[PDB]
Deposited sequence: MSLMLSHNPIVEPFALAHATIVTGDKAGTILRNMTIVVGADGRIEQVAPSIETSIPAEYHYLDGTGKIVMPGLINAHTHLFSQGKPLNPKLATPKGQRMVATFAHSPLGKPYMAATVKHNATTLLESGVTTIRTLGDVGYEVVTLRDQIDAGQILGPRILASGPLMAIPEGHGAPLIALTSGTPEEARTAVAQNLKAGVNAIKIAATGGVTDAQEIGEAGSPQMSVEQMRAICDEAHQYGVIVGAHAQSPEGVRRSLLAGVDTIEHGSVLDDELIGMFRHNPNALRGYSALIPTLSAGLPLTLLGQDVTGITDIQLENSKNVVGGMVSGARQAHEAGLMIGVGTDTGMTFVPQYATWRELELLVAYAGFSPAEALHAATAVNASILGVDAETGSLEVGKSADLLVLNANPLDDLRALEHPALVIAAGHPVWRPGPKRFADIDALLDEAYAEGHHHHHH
């Protein structure tokens, strides 16, 4: 698969910047190297010879969506490739997995990077690290509680080729908020990962878990909890984080289903429902607080969960607006530019600027006026490679349940 240069003309560009800026009748020229060569008014932009022509009249083009929290499993090679393809077809050009079964995603990422397979840019975490809980989940089990065991475990992942790390600082959404992974354990994991420039994410649904993760130097907090001034300060300036700051990935899409859908649908016990309500309340409140404090907040959804479709990244933006006080513009900015910075790939993607990877998402309507415009992309282009497929295969039953639930 070779990248054939092309030019997408007459499109309305939704930049995804903090201001919610839109540029009318624009042409985006993509080179043979898969990078953006020009972004200018169509009327003054001539299409180079041999370049293919894409007529974007009546269309909106924006940076590809980015999902900072995914799983490519609910034979293994085909399964992970299928799910990565679904994400791409939904318009997501960069993803970070946070808990793989083994090193199958590393393998997939390498094939995509080599140009052997069409797919999104992937930050693969390999198996997540955590204290086993007996749920049969895949992970690198830390059972001694020592920093040495944790450092050895992360080294195994790094040696295997991961370019992301995931730690379970606490239990899940259906678990109690405890007052477990120690700061010492996570500090060893973060120190080691950072030596190799790898970003670390920690799943935490309690203030204590968030606090310990931040103290250890974790780069991203997944889910989160209600915050206070001490924690906000730890997000803003974290001397132990790879880039001196930590970001929050609320992943509202993963918690809300458990509290909005009936137990007859979810199948969780009464105690799990109560636990979920307490955790989700903290995730929502914390996201609002973080937004209010101007912290770095990204878009991730924890795909692979029974009620979190691989193709529903767009829903997270609607949830940030409805629950965290985000404006559509800010949500689009979080899903692109901010996510890119958080994942450390802002130099190559996240915005439609000359020199960056041609990760384009073409829409039939303006998402600033209605975020649901994101649900059905017109065309997705990954690193200059147009995806010649209709879109993701959707599950009407699940989509119907979620639509009603979020209504």
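Numbered from the first deposited residue, the unresolved ranges run 1 to 8, 83 to 111, 217 to 222, 451 to 458.
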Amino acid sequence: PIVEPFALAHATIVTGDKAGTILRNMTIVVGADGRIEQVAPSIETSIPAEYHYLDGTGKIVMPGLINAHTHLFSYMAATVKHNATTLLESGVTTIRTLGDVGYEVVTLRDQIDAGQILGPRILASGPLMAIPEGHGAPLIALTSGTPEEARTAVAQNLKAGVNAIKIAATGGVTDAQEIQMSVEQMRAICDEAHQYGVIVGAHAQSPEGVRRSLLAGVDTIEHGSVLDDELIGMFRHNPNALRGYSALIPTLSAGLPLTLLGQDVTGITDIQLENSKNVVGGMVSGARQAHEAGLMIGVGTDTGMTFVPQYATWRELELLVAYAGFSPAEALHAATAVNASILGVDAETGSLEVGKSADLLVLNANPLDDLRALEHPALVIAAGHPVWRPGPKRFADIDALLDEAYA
From here on, numbers count along this sequence of modelled residues.
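The PDB entry records a higher mean C-alpha B factor for 135 to 143 than for its counterpart among 323 to 331 and 135 to 143. Looking at 288 to 296 and 86 to 94 together, the entry lists the larger mean B-factor for 288 to 296, computed on C-alpha atoms. The entry lists C-alpha B-factors for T107, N163, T269, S253, and the highest of these is at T269. Based on the entry's C-alpha B-factors, the most elevated value among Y311, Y103, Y245, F73 belongs to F73. Ranked against the other modelled residues of its chain, the C-alpha B-factor of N67 as given in the entry falls in the lowest third. When the modelled residues of the chain are ordered by C-alpha B-factor, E274 sits in the highest third. When the CA B factors of the chain's modelled residues are split into thirds, the value for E353 lands in the highest one. When all modelled residues of the chain are sorted by CA temperature factor, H237 is found within the highest third. Sorting the modelled residues of the chain by their CA temperature factor places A383 in the lowest third.
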